[PDB]
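> Structure in C-alpha cells, see below.
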Amino acid sequence: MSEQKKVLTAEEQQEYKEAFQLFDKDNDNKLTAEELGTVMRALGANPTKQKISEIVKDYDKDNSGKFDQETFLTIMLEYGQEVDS
Ligand SMILES: [Ca+2]
Ligand SMILES: [Ca+2]
C-alpha cells in the first residue's frame, strides 16, 4: 500500500496502544494529567502543564484525574479523525 492512514484505523489503535503502554510502566492502564500532557503534545504543539492540568481536571471530574485508553479511543472514534494535518 502506497498510502497510509494513522487515524481512525488500525495504525492509530496500535500507535496509541504502544504510546500509552510505553508511558505506563506502573501497569495502571491509565495516564495522569502529566502523562497525558506528554502524549497530547504530539497531537498539538507544546502546551503548559498548568493548562493541560486544568483541562484534565475539568474534563475528568466525574471519574478522576487519570486517562483511560477507552476514553481516547471513543473521542478519536467519535471525531472521525480529529486532526486534519
Ligand atoms: Ca502511569
Ligand atoms: Ca473520566
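Values quoted throughout were computed directly from the atomic coordinates according to the rules given, and no laboratory measurement underlies them. All Cβ positions, even for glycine, are placed from backbone atoms using ideal geometry, and neighbour counts span all protein chains on display.
> What number of residues in the range 12-67 are within 12 Å of ligand 2 (Cβ to nearest atom) and of a type in the set (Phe, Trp, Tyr)?
Counting residues in the range 12-67 that are within 12 Å of ligand 2 (Cβ to nearest atom) and of a type in the set (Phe, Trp, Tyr) gives 2.
> Check residue 56 against each of (1) in contact with a strand residue (DSSP E or B) (Cβ under 8 Å, 6 or more places away or on another chain); (2) loosely packed, with under 11 Cβ neighbours inside 10 Å and name the one condition it does not meet.
So the condition that residue 56 fails would be (2).
> Applying the selection to the range 66-85, what residues are touching a strand residue (DSSP E or B) at 6+ places or on another chain (Cβ under 6 Å) and either at positive phi or of a type in the set (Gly, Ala, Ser) (or both)?
Residues satisfying the conditions do not exist here.
> When residues of the range 22-36 are filtered for being out of contact with any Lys or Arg (no Cβ under 6 Å at 6 or more places or on another chain), touching a residue at least 12 places away in the same chain (Cβ under 8 Å) and not aliphatic (A, V, I, L, M), how many remain?
Number satisfying all stated conditions: 5.
> Oh, and also: I want to confirm something. Restricting to the range 23-49 and keeping residues that are surrounded by 10 or more Cβ atoms within 10 Å (Cβ to Cβ) and of a type in the set (S, T, N, Q), which single residue is farthest from residue 84 (Cα to Cα)?
Among those that are surrounded by 10 or more Cβ atoms within 10 Å (Cβ to Cβ) and of a type in the set (S, T, N, Q), it is 29.
> Consider the range 20-42. How many of its residues are near ligand 1 (Cβ under 10 Å from one of its atoms) and touching a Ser or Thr at 6+ places or on another chain (Cβ under 7 Å)?
Total satisfying the criteria: 1.
> How do the helices (runs of 4 or more DSSP H) wholly within the chain filter down when requiring 3 or more residues that are within 11 Å of the chain's Cα centre (by Cα): which remain?
Ranges flagged: 10-22, 33-41, 69-79.
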